[PDB]
Amino acid sequence: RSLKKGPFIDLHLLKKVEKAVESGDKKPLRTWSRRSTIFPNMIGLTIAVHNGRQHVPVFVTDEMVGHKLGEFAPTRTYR
Amino acid sequence: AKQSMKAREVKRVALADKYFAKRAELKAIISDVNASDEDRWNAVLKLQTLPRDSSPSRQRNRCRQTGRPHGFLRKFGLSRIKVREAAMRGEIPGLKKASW
Amino acid sequence: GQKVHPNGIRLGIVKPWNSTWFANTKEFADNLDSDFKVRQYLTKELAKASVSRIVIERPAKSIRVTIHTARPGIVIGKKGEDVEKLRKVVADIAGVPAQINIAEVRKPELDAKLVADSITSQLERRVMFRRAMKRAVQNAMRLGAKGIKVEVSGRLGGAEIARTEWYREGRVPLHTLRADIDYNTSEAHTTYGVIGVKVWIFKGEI
Amino acid sequence: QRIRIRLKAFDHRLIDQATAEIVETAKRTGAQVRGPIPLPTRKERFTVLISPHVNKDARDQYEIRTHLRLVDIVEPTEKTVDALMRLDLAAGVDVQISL
Amino acid sequence: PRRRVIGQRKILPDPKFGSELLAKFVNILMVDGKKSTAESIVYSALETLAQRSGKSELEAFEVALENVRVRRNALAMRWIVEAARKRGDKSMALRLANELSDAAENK
Amino acid sequence: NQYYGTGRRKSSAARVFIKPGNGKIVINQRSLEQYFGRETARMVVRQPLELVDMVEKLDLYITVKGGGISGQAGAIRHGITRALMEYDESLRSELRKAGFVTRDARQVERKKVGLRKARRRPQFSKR
RNA sequence: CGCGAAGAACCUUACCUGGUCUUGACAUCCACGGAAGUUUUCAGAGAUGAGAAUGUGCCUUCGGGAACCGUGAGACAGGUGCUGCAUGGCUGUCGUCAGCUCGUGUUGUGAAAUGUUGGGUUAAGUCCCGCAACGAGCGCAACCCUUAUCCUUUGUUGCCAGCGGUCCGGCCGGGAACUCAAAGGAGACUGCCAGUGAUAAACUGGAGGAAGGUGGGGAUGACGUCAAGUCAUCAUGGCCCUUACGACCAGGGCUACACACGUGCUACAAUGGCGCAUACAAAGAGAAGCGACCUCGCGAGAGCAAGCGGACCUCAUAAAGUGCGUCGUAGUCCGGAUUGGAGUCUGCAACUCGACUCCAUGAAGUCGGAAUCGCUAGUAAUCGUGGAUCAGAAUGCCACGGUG
Ligand SMILES: [Mg+2]
Ligand SMILES: [Mg+2]
Ligand SMILES: [Mg+2]
Ligand SMILES: [Mg+2]
Ligand SMILES: [Mg+2]
Ligand SMILES: [Mg+2]
Ligand SMILES: [Mg+2]
Ligand SMILES: [Mg+2]
Ligand SMILES: [Mg+2]
């Protein structure tokens with residue numbers, strides 16, 4: 001989909017990764033970046049992905065690298 | 001449209017010539033340069049900290065007289081109904097009802 | 001039935017345009033929006049000066065505005081003072097320097113806008129719509145009109161149900177393309193809604 | 001050298017009046033002009049809605065006709081240049097000079 | 001048709017044979033305005049009818065026309081073309097040639 | 001001596017240049033068989049030269065722009081008939097009888113507002 | 001019911017959640033403080049809470065005015081909230097159906113009738129007779145635009161017959177003939193002939209003519225009917241909210257999914273599929289734009305880089321068709337859905353929800369019930385092209401030609 005010249009990630013979420021590596025794992029991190037590409041430095045962390053009204057925590061797995069955080073949060077409730 | 005909605009459109013254009021006219025124009029070129037900085041240009045990351053409302057994709061071409069976002073024409077800068085009211089009173093030069 | 005606009009359908013055949021300035025693709029959008037600002041300003045500032053028609057033409061690096069009015073003395077003022085205050089602000093709007101030209105309307109009862117504006121003013125003054133229609137017709141026919149009709153619509157006299165009524169004297173052909181038909185529209189904004197005024201004036205053929 | 005004047009306007013009966021004033025002046029002062037040529041009219045066509053709501057089928061059919069005239073002057077005579085450059089022409093005619 | 005009583009158009013005839021009746025035959029088989037592909041099928045079908053199914057090509061079509069009989073000629077040509085489409089052979093030139101062979105022997 | 005006749009169609013335009021004596025046909029610096037791909041288009045220009053007999057009797061130098069298969073072929077057929085009226089001037093009685101001098105002025109009908117085509121209306125519901 | 005919306009990834013957007021603001025996002029009036037602006041800086045999803053650098057234009061009977069920022073007080077601003085059963089304007093519809101009325105005279109106690117009941121003839125209340133009606137007006141028609149023939153004027157960026165020049169390109173001298181380009185004009189008016197018809201209007205037939213019986217097409221839609229549609233284009237009476245029905249920002253929704261209906265595209269194929277070779281359009285668009293040539297990639301494209309505000313240059317090689325070869329009547333070399341993998345481009349940003357390319361997969365479907373629609377000629381059918389909207393996003397819509 002996206003062009004190969006640079007995988008996109010937001011600047012605020014990239015700062016949240018850097019403090020999480022140095023200071024160790026924390027409580028699940030609330031964010032709104034559903035468009036960020038998952039990098040290998042995020043494996044192990046729990047990122048709370050906003051889906052319209054709440055934040056759903058997502059435990060990052062090794063094979064999640066390359067996907068988006070929006071691909072793990074359903075935005076509507078179906079019955 | 002509403003007065004607050006037209007105030008949003010003036011706010012986007014005033015930032016469009018401010019930020020993304022010359023600064024984002026350079027950042028679009030350096031990310032596109034194949035010759036130098038093939039790996040670590042980082043112009044995309046500096047574009048992220050810029051404000052969003054300078055974008056030409058976010059602005060909406062609207063009628064200058066009423067503010068309708070539908071039926072725009074770049075020839076007139078107006079909405080489709082307000083083109084008629086200036087045409088029937090002869091306010092637009094050369095514009096007339098045609099037959100072919 | 002629905003009527004086509006008779007003045008717009010005759011533009012270029014028997015009726016000249018009210019704007020004749022030429023421009024290419026570059027500056028046509030900016031100057032047309034500049035025309036709406038100057039026509040609104042001259043209407044608001046000279047509403048009591050009986051202004052009916054504004055001709056806007058643009059030479060290469062200038063603009064001159066021809067104001068057709070039936071009372072030039074308000075527009076001229078004491079030795080051109082009212083003209084001088086208008087010529088300085090049109091050039092601010094248009095950007096290019098401007099000039100104000102004044103063309104006298106000889107008979108206001110033959111121009112369709114001033115007939116419509118007079119009925120607009122009288123309906124606010126509690127003049128009856130039977131009387132207001134009858135005065136504008138008889139004054140036009142005695143000054144050399146070959147035919148005139150006027151139509152009013154919507155809440156005549158403050159009634160609840162909107163009504164339509166039109167009176168005609170002379171001969172007014174709407175489907176003849178040679179017919180010199182002067183048409184404009186004015187709205188009577190009263191305390192009980194909006195009253196639309198339509199004026200058709202036949203000035204001969206070809 | 002060669003100077004040419006591109007004449008373009010909306011009205012066909014108004015563009016040829018200003019065209020005739022230039023060519024007759026040029027023939028009077030002794031210039032060499034190969035007449036005016038009629039270039040093809042780039043006429044735009046506009047179709048917009050007349051209704052603000054449903055009944056889509058009723059529309060208006062507009063046009064904008066842009067006429068074109070070109071006058072070619074061979075010799076740059078000083079009497080030819082000084083006369084034609086500050087003529088009093090119609091306001092609805094735009095001039096384009098190539099010196 | 002209630003008031004407007006007018007005639008019917010007279011098209012130009014066949015450029016190959018000079019036949020007025022064969023010009024109306026190619027228009028029935030013609031679909032999507034494809035004249036160039038319609039007349040090539042009709043010419044190849046009649047040449048199969050002429051060389052291997054009896055001489056006098058202009059008369060051989062007429063014998064096939066006579067058994068299935070302005071409007072009498074129109075309905076006759078339409079029944080040949082529409083029945084030729086629903087056959088088992090390979091091409092349209094082969095199917096219509098066998099229909100004119102069957103119409104010549106009235107079966 | 002040149003004999004000229006103008007023929008045209010919907011969007012075609014053809015010139016005809018007559019020179020006395022050959023059976024040569026040069027269309028757009030090409031041959032008759034080379035340019036016309038359709039055999040029907042080859043014969044419709046031969047139709048005005050049917051009552052008037054040509055075998056090896058006159059040159060025709062023709063060019064055409066615009067149109068298509070039969071639009072160019074209809075333009076040439078109109079153009080030849082005016083050249084023969086220019087050539088002999090007594091041939092008109094046979095040419096009025098054929099009907100080839102009549103310019104087919106059936107142009108395309110304009111695409112109308114509210115309809116997808118000139119007469120084709122979008123599909124209609126009863127109620 | 002491909003309607004408003006000519007185009008919802010953000011914006012649009014009026015909705016929801018959440019975070020925020022209260023003379024307010026925005027306008028007018030006064031005072032004070034800062035010239036405005038420029039450049040950057042740290043937290044926040046952002047709205048913004050705090051710093052560095054810089055100018056000080058303009059006249060200053062030195063009060064400073066004036067732009068814009070900042071603060072503060074109130075007058076006021078703001079609402080796509082209510083009502084198209086309070087309204088204007090505009091539109092659909094019957095219907096481009098031929099009707100709808102006045103003035104005078106006349107008839108009847110009268111509301112009214114006649115005209116405008118009848119005899120013909122026309123697209124037509126079109127026209128002519130008849131007639132206590134005679135006339136006129138609104139409609140129809142005509143005048144307008146475009147196209148179909150010819151002439152005049154004018155030959156560049158357009159044109160190439162007679163000529164010279166060949167590197168075979170109107171390309172270069174030239175030619176002004178012709179095509180084309182557009183300013184004006186001629187030409188069709190039942191004008192002429194014959195027959196029918198009450199000697200009328202009109203019809204039929206024929207000649208002339210490019211065009212003949214309103215030539216072809218458009219514009220042009222009467223009085224009225226449906227309290228038809230529009231308070232969300234706008235205008236506007238009244239009512240309502242106001243530290244909120246307002247305003248800012250982030251994300252989501254407008255694109256959901258057990259179903260129903262209307263409107264379209266592509267198909268079910270040999271009048272075809274595919275491969276190669278190859279011929280012919282018209283009409284538009286283009287400067288924060290169209291973007292050639294060259295080079296690279298299977299390709300979407302990318303790099304390099306002219307020309308062009310344009311009859312010059314670019315989009316731009318029109319497609320059907322034609323010629324050959326192939327498949328041989330089948331769920332197929334039909335048809336392309338769906339899905340996976342790998343990518344291009346647009347844009348802060350393509351997960352929800354974009355376009356396109358490449359590989360692979362190959363649903364249903366083998367001509368469709370009752371029912372129902374379009375169309376009388378360059379029409380139907382079909383083939384492609386272009387434009388508006390648009391950063392990007394057309395099976396919709398608007399135009400344009402090809403075949404017919
Ligand atoms: Mg408003
Ligand atoms: Mg947008
Ligand atoms: Mg939105
Ligand atoms: Mg009449
Ligand atoms: Mg008419
Ligand atoms: Mg209503
Ligand atoms: Mg209603
Ligand atoms: Mg297939
Ligand atoms: Mg019909």
# chains A, B, ... in the order shown; residues from 1 in each chain; ligands from 1
call {"tool": "residues_near_ligand", "arguments": {"ligand": "ligand 6", "cutoff": "9 Å", "atoms": "only C-alpha atoms (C1' of nucleotides) and all ligand atoms", "output": "VMD selection string"}}
result
chain G and resid 84 to 85 227 to 229
call {"tool": "write_last_selection", "arguments": {"atoms": "N, CA, C and O atoms (P, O5', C5', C4', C3', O3' and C1' of nucleotides)", "output": "PDB file, in the first residue's frame"}}
result
ATOM      1  P     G G  84     -42.506  22.817   7.522  1.00  0.00           P
ATOM      2  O5'   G G  84     -42.185  23.984   6.484  1.00  0.00           O
ATOM      3  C5'   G G  84     -43.135  25.015   6.226  1.00  0.00           C
ATOM      4  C4'   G G  84     -43.525  25.104   4.768  1.00  0.00           C
ATOM      5  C3'   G G  84     -43.608  23.781   4.004  1.00  0.00           C
ATOM      6  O3'   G G  84     -44.718  23.831   3.107  1.00  0.00           O
ATOM      7  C1'   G G  84     -42.116  25.250   2.900  1.00  0.00           C
ATOM      8  P     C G  85     -46.005  22.901   3.353  1.00  0.00           P
ATOM      9  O5'   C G  85     -46.985  23.805   4.226  1.00  0.00           O
ATOM     10  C5'   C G  85     -46.925  23.794   5.650  1.00  0.00           C
ATOM     11  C4'   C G  85     -47.735  24.914   6.252  1.00  0.00           C
ATOM     12  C3'   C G  85     -47.648  25.031   7.771  1.00  0.00           C
ATOM     13  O3'   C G  85     -47.788  26.399   8.150  1.00  0.00           O
ATOM     14  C1'   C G  85     -49.882  24.598   7.144  1.00  0.00           C
ATOM     15  P     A G 227     -52.765  19.632  -2.215  1.00  0.00           P
ATOM     16  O5'   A G 227     -52.126  21.077  -2.411  1.00  0.00           O
ATOM     17  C5'   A G 227     -52.379  22.121  -1.477  1.00  0.00           C
ATOM     18  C4'   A G 227     -51.110  22.843  -1.096  1.00  0.00           C
ATOM     19  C3'   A G 227     -50.091  22.005  -0.327  1.00  0.00           C
ATOM     20  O3'   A G 227     -48.774  22.416  -0.689  1.00  0.00           O
ATOM     21  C1'   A G 227     -50.717  23.870   0.976  1.00  0.00           C
ATOM     22  P     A G 228     -47.593  21.335  -0.817  1.00  0.00           P
ATOM     23  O5'   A G 228     -47.990  20.463  -2.090  1.00  0.00           O
ATOM     24  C5'   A G 228     -48.011  19.043  -2.026  1.00  0.00           C
ATOM     25  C4'   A G 228     -46.924  18.437  -2.878  1.00  0.00           C
ATOM     26  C3'   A G 228     -45.499  18.808  -2.495  1.00  0.00           C
ATOM     27  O3'   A G 228     -44.991  18.013  -1.437  1.00  0.00           O
ATOM     28  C1'   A G 228     -45.786  19.109  -4.817  1.00  0.00           C
ATOM     29  P     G G 229     -44.103  18.679  -0.276  1.00  0.00           P
ATOM     30  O5'   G G 229     -42.736  19.048  -1.004  1.00  0.00           O
ATOM     31  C5'   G G 229     -41.839  18.034  -1.427  1.00  0.00           C
ATOM     32  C4'   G G 229     -40.544  18.625  -1.923  1.00  0.00           C
ATOM     33  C3'   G G 229     -39.984  19.774  -1.100  1.00  0.00           C
ATOM     34  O3'   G G 229     -39.291  19.347   0.059  1.00  0.00           O
ATOM     35  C1'   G G 229     -39.936  20.355  -3.383  1.00  0.00           C
TER      36        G G 229
END
call {"tool": "residues_around", "arguments": {"residues": "range 35-41 of chain B", "least_positions_apart": "4", "cutoff": "12 Å", "atoms": "only C-alpha atoms (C1' of nucleotides)", "output": "list in words"}}
result
residues 4, 5, 6 and 7 of chain A; 26, 27, 28, 29, 30, 31, 45, 46 and 47 of chain B; 303 and 304 of chain G
call {"tool": "residues_near_ligand", "arguments": {"ligand": "ligand 9", "cutoff": "12 Å", "atoms": "only C-alpha atoms (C1' of nucleotides) and all ligand atoms", "output": "count of residues only"}}
result
10
call {"tool": "residues_near_ligand", "arguments": {"ligand": "ligand 1", "cutoff": "8 Å", "atoms": "only C-alpha atoms (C1' of nucleotides) and all ligand atoms", "output": "ChimeraX atom specification"}}
result
/B:1-3,66 /G:234
call {"tool": "residues_around", "arguments": {"residues": "range 64-81 of chain G", "least_positions_apart": "5", "cutoff": "6 Å", "atoms": "only C-alpha atoms (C1' of nucleotides)", "output": "list in words"}}
result
residues 14, 36, 232, 245 and 246 of chain G
call {"tool": "write_last_selection", "arguments": {"atoms": "N, CA, C and O atoms (P, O5', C5', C4', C3', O3' and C1' of nucleotides)", "output": "PDB file, in the first residue's frame"}}
result
ATOM      1  P     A G  14     -19.310  19.440  12.275  1.00  0.00           P
ATOM      2  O5'   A G  14     -20.893  19.260  12.320  1.00  0.00           O
ATOM      3  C5'   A G  14     -21.733  20.336  12.707  1.00  0.00           C
ATOM      4  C4'   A G  14     -23.134  20.181  12.165  1.00  0.00           C
ATOM      5  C3'   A G  14     -23.911  18.958  12.623  1.00  0.00           C
ATOM      6  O3'   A G  14     -24.462  19.110  13.921  1.00  0.00           O
ATOM      7  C1'   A G  14     -24.226  19.315  10.291  1.00  0.00           C
ATOM      8  P     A G  36       4.276  43.605  17.578  1.00  0.00           P
ATOM      9  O5'   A G  36       3.464  43.002  16.347  1.00  0.00           O
ATOM     10  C5'   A G  36       2.045  43.021  16.325  1.00  0.00           C
ATOM     11  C4'   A G  36       1.523  43.215  14.923  1.00  0.00           C
ATOM     12  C3'   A G  36       1.891  42.133  13.916  1.00  0.00           C
ATOM     13  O3'   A G  36       1.019  41.015  13.964  1.00  0.00           O
ATOM     14  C1'   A G  36       2.367  44.256  12.997  1.00  0.00           C
ATOM     15  P     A G 232     -32.354  26.118   8.119  1.00  0.00           P
ATOM     16  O5'   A G 232     -31.594  25.319   6.969  1.00  0.00           O
ATOM     17  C5'   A G 232     -31.062  26.000   5.835  1.00  0.00           C
ATOM     18  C4'   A G 232     -30.467  25.048   4.823  1.00  0.00           C
ATOM     19  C3'   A G 232     -31.463  24.160   4.076  1.00  0.00           C
ATOM     20  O3'   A G 232     -31.013  23.973   2.737  1.00  0.00           O
ATOM     21  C1'   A G 232     -29.889  22.807   5.203  1.00  0.00           C
ATOM     22  P     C G 245     -26.884  22.782  25.250  1.00  0.00           P
ATOM     23  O5'   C G 245     -26.655  23.171  23.723  1.00  0.00           O
ATOM     24  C5'   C G 245     -26.563  22.180  22.703  1.00  0.00           C
ATOM     25  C4'   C G 245     -26.967  22.714  21.345  1.00  0.00           C
ATOM     26  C3'   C G 245     -26.464  24.115  20.992  1.00  0.00           C
ATOM     27  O3'   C G 245     -26.125  24.170  19.606  1.00  0.00           O
ATOM     28  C1'   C G 245     -28.834  24.063  20.884  1.00  0.00           C
ATOM     29  P     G G 246     -24.655  23.739  19.116  1.00  0.00           P
ATOM     30  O5'   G G 246     -24.050  25.056  18.448  1.00  0.00           O
ATOM     31  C5'   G G 246     -24.689  26.317  18.583  1.00  0.00           C
ATOM     32  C4'   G G 246     -23.707  27.399  18.963  1.00  0.00           C
ATOM     33  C3'   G G 246     -22.255  27.144  18.593  1.00  0.00           C
ATOM     34  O3'   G G 246     -21.971  27.439  17.238  1.00  0.00           O
ATOM     35  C1'   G G 246     -22.381  27.920  20.824  1.00  0.00           C
TER      36        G G 246
END
call {"tool": "interface_residues", "arguments": {"of": "chain A", "to": "chain G", "cutoff": "6 Å", "atoms": "only C-alpha atoms (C1' of nucleotides)", "output": "compact mmCIF listing (two decimals) with C-alpha atoms, in the first residue's frame"}}
result
# COMPACT_ATOMS: atom_id res chain seq x y z
CA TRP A 32 -4.62 7.61 19.49
CA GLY A 52 -13.62 5.62 19.18
CA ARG A 53 -14.70 5.67 22.81
CA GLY A 70 -5.65 0.26 13.92
CA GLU A 71 -5.79 -3.36 12.72
call {"tool": "interface_residues", "arguments": {"of": "chain D", "to": "chain B", "cutoff": "6 Å", "atoms": "only C-alpha atoms", "output": "list in words"}}
result
residues 10, 61, 62, 63 and 64 of chain D
call {"tool": "residues_around", "arguments": {"residues": "residue 164 in chain G", "least_positions_apart": "2", "cutoff": "12 Å", "atoms": "only C-alpha atoms (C1' of nucleotides)", "output": "PyMOL selection string"}}
result
chain G and resi 162+166+172-175
call {"tool": "write_last_selection", "arguments": {"atoms": "N, CA and C atoms (P, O5', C5', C4', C3', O3' and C1' of nucleotides)", "output": "PDB file, in the first residue's frame"}}
result
ATOM      1  P     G G 162       0.061  19.735 -59.052  1.00  0.00           P
ATOM      2  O5'   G G 162       0.605  20.969 -59.898  1.00  0.00           O
ATOM      3  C5'   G G 162      -0.126  21.465 -61.009  1.00  0.00           C
ATOM      4  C4'   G G 162       0.261  22.886 -61.327  1.00  0.00           C
ATOM      5  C3'   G G 162       1.754  23.164 -61.384  1.00  0.00           C
ATOM      6  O3'   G G 162       2.332  22.798 -62.625  1.00  0.00           O
ATOM      7  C1'   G G 162       0.696  24.819 -60.073  1.00  0.00           C
ATOM      8  P     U G 166      17.291  18.577 -55.572  1.00  0.00           P
ATOM      9  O5'   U G 166      18.159  17.489 -54.797  1.00  0.00           O
ATOM     10  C5'   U G 166      17.552  16.342 -54.218  1.00  0.00           C
ATOM     11  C4'   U G 166      17.261  16.553 -52.753  1.00  0.00           C
ATOM     12  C3'   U G 166      16.834  15.322 -51.969  1.00  0.00           C
ATOM     13  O3'   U G 166      17.930  14.517 -51.564  1.00  0.00           O
ATOM     14  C1'   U G 166      15.391  17.130 -51.460  1.00  0.00           C
ATOM     15  P     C G 172      10.970  24.297 -41.740  1.00  0.00           P
ATOM     16  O5'   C G 172      11.385  24.889 -43.160  1.00  0.00           O
ATOM     17  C5'   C G 172      12.609  24.509 -43.784  1.00  0.00           C
ATOM     18  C4'   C G 172      12.987  25.439 -44.913  1.00  0.00           C
ATOM     19  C3'   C G 172      12.168  26.727 -45.019  1.00  0.00           C
ATOM     20  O3'   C G 172      13.018  27.766 -45.506  1.00  0.00           O
ATOM     21  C1'   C G 172      12.004  25.537 -47.038  1.00  0.00           C
ATOM     22  P     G G 173      12.698  29.314 -45.212  1.00  0.00           P
ATOM     23  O5'   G G 173      12.905  30.015 -46.629  1.00  0.00           O
ATOM     24  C5'   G G 173      11.795  30.423 -47.417  1.00  0.00           C
ATOM     25  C4'   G G 173      12.131  30.419 -48.888  1.00  0.00           C
ATOM     26  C3'   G G 173      11.130  31.104 -49.804  1.00  0.00           C
ATOM     27  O3'   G G 173      11.246  32.516 -49.816  1.00  0.00           O
ATOM     28  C1'   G G 173      11.709  29.016 -50.723  1.00  0.00           C
ATOM     29  P     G G 174       9.978  33.436 -49.453  1.00  0.00           P
ATOM     30  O5'   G G 174       8.820  32.921 -50.422  1.00  0.00           O
ATOM     31  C5'   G G 174       8.848  33.198 -51.815  1.00  0.00           C
ATOM     32  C4'   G G 174       8.131  32.128 -52.601  1.00  0.00           C
ATOM     33  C3'   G G 174       6.633  32.317 -52.772  1.00  0.00           C
ATOM     34  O3'   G G 174       6.304  33.207 -53.823  1.00  0.00           O
ATOM     35  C1'   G G 174       7.067  30.104 -52.082  1.00  0.00           C
ATOM     36  P     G G 175       4.993  34.130 -53.722  1.00  0.00           P
ATOM     37  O5'   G G 175       3.790  33.132 -54.022  1.00  0.00           O
ATOM     38  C5'   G G 175       3.669  32.491 -55.285  1.00  0.00           C
ATOM     39  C4'   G G 175       2.672  31.362 -55.230  1.00  0.00           C
ATOM     40  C3'   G G 175       1.275  31.739 -54.768  1.00  0.00           C
ATOM     41  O3'   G G 175       0.483  32.298 -55.800  1.00  0.00           O
ATOM     42  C1'   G G 175       1.993  29.831 -53.587  1.00  0.00           C
TER      43        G G 175
END
call {"tool": "residues_around", "arguments": {"residues": "range 67-73 of chain E", "least_positions_apart": "4", "cutoff": "9 Å", "atoms": "only C-alpha atoms (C1' of nucleotides)", "output": "list in words"}}
result
residues 21, 62, 63, 77, 78, 79, 80, 103, 104, 105 and 106 of chain E
call {"tool": "interface_residues", "arguments": {"of": "chain D", "to": "chain F", "cutoff": "9 Å", "atoms": "only C-alpha atoms", "output": "list in words"}}
result
residues 47, 56, 57, 58, 59 and 61 of chain D
call {"tool": "residues_near_ligand", "arguments": {"ligand": "ligand 3", "cutoff": "7 Å", "atoms": "only C-alpha atoms (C1' of nucleotides) and all ligand atoms", "output": "list in words"}}
result
residues 8, 11, 12 and 13 of chain G
call {"tool": "write_last_selection", "arguments": {"atoms": "N, CA and C atoms (P, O5', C5', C4', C3', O3' and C1' of nucleotides)", "output": "PDB file, in the first residue's frame"}}
result
ATOM      1  P     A G   8     -17.158  14.644  -1.192  1.00  0.00           P
ATOM      2  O5'   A G   8     -17.360  13.734   0.098  1.00  0.00           O
ATOM      3  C5'   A G   8     -16.447  12.691   0.401  1.00  0.00           C
ATOM      4  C4'   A G   8     -16.348  12.473   1.888  1.00  0.00           C
ATOM      5  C3'   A G   8     -15.370  11.403   2.341  1.00  0.00           C
ATOM      6  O3'   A G   8     -14.027  11.854   2.371  1.00  0.00           O
ATOM      7  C1'   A G   8     -17.422  11.186   3.520  1.00  0.00           C
ATOM      8  P     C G  11     -12.601  15.056  10.074  1.00  0.00           P
ATOM      9  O5'   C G  11     -12.437  16.385   9.212  1.00  0.00           O
ATOM     10  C5'   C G  11     -11.676  17.484   9.693  1.00  0.00           C
ATOM     11  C4'   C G  11     -11.303  18.419   8.572  1.00  0.00           C
ATOM     12  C3'   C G  11     -12.467  19.046   7.823  1.00  0.00           C
ATOM     13  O3'   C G  11     -13.026  20.163   8.492  1.00  0.00           O
ATOM     14  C1'   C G  11     -10.883  18.216   6.272  1.00  0.00           C
ATOM     15  P     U G  12     -14.552  20.123   8.995  1.00  0.00           P
ATOM     16  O5'   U G  12     -15.401  19.945   7.659  1.00  0.00           O
ATOM     17  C5'   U G  12     -15.418  20.956   6.662  1.00  0.00           C
ATOM     18  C4'   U G  12     -15.738  20.384   5.305  1.00  0.00           C
ATOM     19  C3'   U G  12     -17.148  19.844   5.129  1.00  0.00           C
ATOM     20  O3'   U G  12     -18.099  20.856   4.860  1.00  0.00           O
ATOM     21  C1'   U G  12     -15.589  18.277   4.284  1.00  0.00           C
ATOM     22  P     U G  13     -19.494  20.881   5.657  1.00  0.00           P
ATOM     23  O5'   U G  13     -19.119  20.312   7.097  1.00  0.00           O
ATOM     24  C5'   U G  13     -20.027  20.426   8.189  1.00  0.00           C
ATOM     25  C4'   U G  13     -19.975  19.232   9.116  1.00  0.00           C
ATOM     26  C3'   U G  13     -18.625  18.945   9.777  1.00  0.00           C
ATOM     27  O3'   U G  13     -18.844  18.450  11.098  1.00  0.00           O
ATOM     28  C1'   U G  13     -19.324  17.053   8.546  1.00  0.00           C
TER      29        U G  13
END
call {"tool": "residues_around", "arguments": {"residues": "range 67-81 of chain D", "least_positions_apart": "6", "cutoff": "6 Å", "atoms": "only C-alpha atoms (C1' of nucleotides)", "output": "PyMOL selection string"}}
result
chain D and resi 2-9+32-33+36-39+41
call {"tool": "write_last_selection", "arguments": {"atoms": "N, CA and C atoms", "output": "tab-separated table (two decimals), in the first residue's frame"}}
result
chain	number	residue	atom	x	y	z
D	2	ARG	N	9.42	42.42	-36.14
D	2	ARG	CA	7.99	42.23	-36.39
D	2	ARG	C	7.23	42.41	-35.08
D	3	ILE	N	6.17	43.21	-35.14
D	3	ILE	CA	5.27	43.40	-34.01
D	3	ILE	C	3.90	42.84	-34.39
D	4	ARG	N	3.24	42.20	-33.43
D	4	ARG	CA	1.93	41.61	-33.63
D	4	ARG	C	1.03	41.93	-32.44
D	5	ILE	N	-0.26	42.07	-32.71
D	5	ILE	CA	-1.25	42.43	-31.70
D	5	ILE	C	-2.31	41.34	-31.66
D	6	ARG	N	-2.41	40.66	-30.52
D	6	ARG	CA	-3.47	39.68	-30.30
D	6	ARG	C	-4.66	40.38	-29.66
D	7	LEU	N	-5.80	40.35	-30.35
D	7	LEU	CA	-7.02	40.98	-29.88
D	7	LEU	C	-8.02	39.91	-29.50
D	8	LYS	N	-8.52	39.99	-28.27
D	8	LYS	CA	-9.44	38.98	-27.75
D	8	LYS	C	-10.48	39.64	-26.86
D	9	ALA	N	-11.73	39.21	-27.02
D	9	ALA	CA	-12.86	39.83	-26.36
D	9	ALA	C	-14.02	38.84	-26.33
D	32	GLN	N	3.09	48.00	-43.32
D	32	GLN	CA	2.80	46.78	-44.06
D	32	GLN	C	2.11	45.78	-43.14
D	33	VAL	N	0.82	45.54	-43.39
D	33	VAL	CA	0.00	44.67	-42.56
D	33	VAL	C	-0.65	43.64	-43.48
D	36	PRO	N	-6.15	41.24	-40.78
D	36	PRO	CA	-6.46	40.49	-39.57
D	36	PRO	C	-6.87	39.05	-39.89
D	37	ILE	N	-6.42	38.09	-39.09
D	37	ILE	CA	-6.79	36.70	-39.31
D	37	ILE	C	-7.78	36.25	-38.23
D	38	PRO	N	-8.86	35.56	-38.60
D	38	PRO	CA	-9.74	34.99	-37.58
D	38	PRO	C	-9.23	33.66	-37.04
D	39	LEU	N	-8.76	33.67	-35.80
D	39	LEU	CA	-8.34	32.49	-35.05
D	39	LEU	C	-9.57	31.80	-34.46
D	41	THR	N	-12.56	30.29	-32.28
D	41	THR	CA	-13.17	30.76	-31.04
D	41	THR	C	-13.16	29.65	-30.01
call {"tool": "interface_residues", "arguments": {"of": "chain G", "to": "chain C", "cutoff": "9 Å", "atoms": "only C-alpha atoms (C1' of nucleotides)", "output": "count of residues only"}}
result
22
call {"tool": "residues_near_ligand", "arguments": {"ligand": "ligand 8", "cutoff": "7 Å", "atoms": "only C-alpha atoms (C1' of nucleotides) and all ligand atoms", "output": "NGL selection string"}}
result
:G and (334-336)
